[PDB]
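What follows is each chain in one-letter form.
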Amino acid sequence: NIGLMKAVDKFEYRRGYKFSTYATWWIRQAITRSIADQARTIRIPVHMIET
DNA sequence: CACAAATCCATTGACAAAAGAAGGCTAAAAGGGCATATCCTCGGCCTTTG
């Protein structure tokens, strides 16, 4: 929901794409950073988790 | 009980090192942007089909 608020703040309909097609990016990024930041007890940085 | 050598005491100079104290440099950690739209089961639910 936080990520979706962020995407809603950035949506421009001048292009004509669906809102889903844009906001899905910010939503999935928000959720992924959330899991990578606050899911392990010992916090691994995000790039190391990608590795 | 009187005079000179022997030896604990304290500074000087020079200085090697230990301790920081910064400045610089990476790599590491954080942050940001992204523009087609949208699996399997089960079961209701309704179209079509007879």
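Cut-off values and rules
Sequence order as written determines residue numbers, which begin from 1 on each chain and need not coincide with the entry numbering; residues that lack coordinates are not included. Throughout, the order in which chains and ligands are written sets their labels, letters from A for the former and numbers from 1 for the latter. Reported quantities concern only the chains on display, which constitute a fraction of a larger assembly. Side-chain metrics in this entry use all non-hydrogen atoms of the structure; hydrogen atoms and water are not considered. Whether a residue is near a molecule or strand depends on its heavy atoms: it is near if one of them lies within 4 Å of it. Polar contacts, as used here, are pairs of N or O atoms within 3.5 Å; protein pairs need one atom able to donate a hydrogen and one able to accept it. Residues neighboring in sequence count only if both atoms are side-chain atoms. Helix numbers and strand numbers start at the N terminus; a helix is a DSSP run of H or I with at least 4 residues, a strand a run of E with at least 2. Residue polarity is assigned by list, with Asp, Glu, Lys and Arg as charged and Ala, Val, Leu, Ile, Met, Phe, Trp, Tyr, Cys and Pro as nonpolar; anything else, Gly included, falls into the polar class. For patch building, the residue pool is restricted to those with more than 30% relative accessible area and no salt bridge; the joining distance is 9 Å between like charges and 5 Å between nonpolar side chains (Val, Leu, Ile, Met, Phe, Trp, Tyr). Accessible areas in this description were obtained via Shrake-Rupley with a 1.4 Å probe; residue shielding takes into account the shown protein chains only. Think of a salt bridge as a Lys or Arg side-chain nitrogen and an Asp or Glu carboxyl oxygen that are within 4 Å of each other. The classification of residues rests on relative accessible area computed with a 1.4 Å probe and restricted to protein chains. Under 20% of the type maximum is buried, over 50% is exposed, and intermediate values are partly exposed. Take the residue count of a helix, subtract one, and multiply by 1.5 Å to get its expected span. We call two residues in contact when some of their heavy atoms are within 4.5 Å.

cryo-EM is the method the PDB entry states for this structure, with the resolution given as 3.00 Å.

Novice: What exactly am I supposed to notice about the protein's contact with DNA strand B here?
Specialist: As a matter of local geometry, DNA strand B sits amid 15 residues, with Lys18, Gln29, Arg33, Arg43 and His47 nearest to it. A distance of 3.1 Å is found between a base nitrogen of DNA strand B and a side-chain nitrogen or oxygen belonging to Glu12. Contacts to DNA strand B include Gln29, whose side-chain N or O atom sits 2.3 Å from a base nitrogen. Of all the secondary structure elements, the ones that give two or more residues to the surface near DNA strand B are α2 (19–38) and α3 (46–50). Here the surface near DNA strand B gets six residues from one element, more than from any other, and that element is α2. Among the residues forming the surface near DNA strand B, the class breakdown is six nonpolar, three polar and six charged.

Novice: What is the right way to look at a nonpolar patch on the surface in this model?
Specialist: Nonpolar side chains collect at one region of the surface, where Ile27, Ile31 and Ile35 lie side by side and expose about 270 Å² of accessible area between them. Looking at where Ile35 falls in the secondary structure, it is placed in helix α2.

Novice: Explain the pattern of salt bridges here, please?
Specialist: Think of it this way: side chains of opposite charge can pair up when their charged atoms draw near. For the structure on display, the rule yields two salt bridges. A salt bridge links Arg15 to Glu12, with the nearest nitrogen and oxygen atoms 3.0 Å apart. When its relative accessible area of 57% is taken as the criterion, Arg15 is described as exposed. When its relative accessible area of 42% is taken as the criterion, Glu12 is described as partly exposed.

Novice: Looking at this structure, I do not really get α2. What am I missing?
Specialist: One turn of an α-helix holds 3.6 residues; hence residues three or four places apart share an orientation. Between its terminal C-alpha atoms α2 stretches 28 Å, which fits the 28 Å expected from 20 residues at 1.5 Å a residue. Among the residues of α2, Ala23, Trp26 and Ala36 are the ones counted as buried. Where α2 is buried, its residues touch α1 (2–10) and α3.

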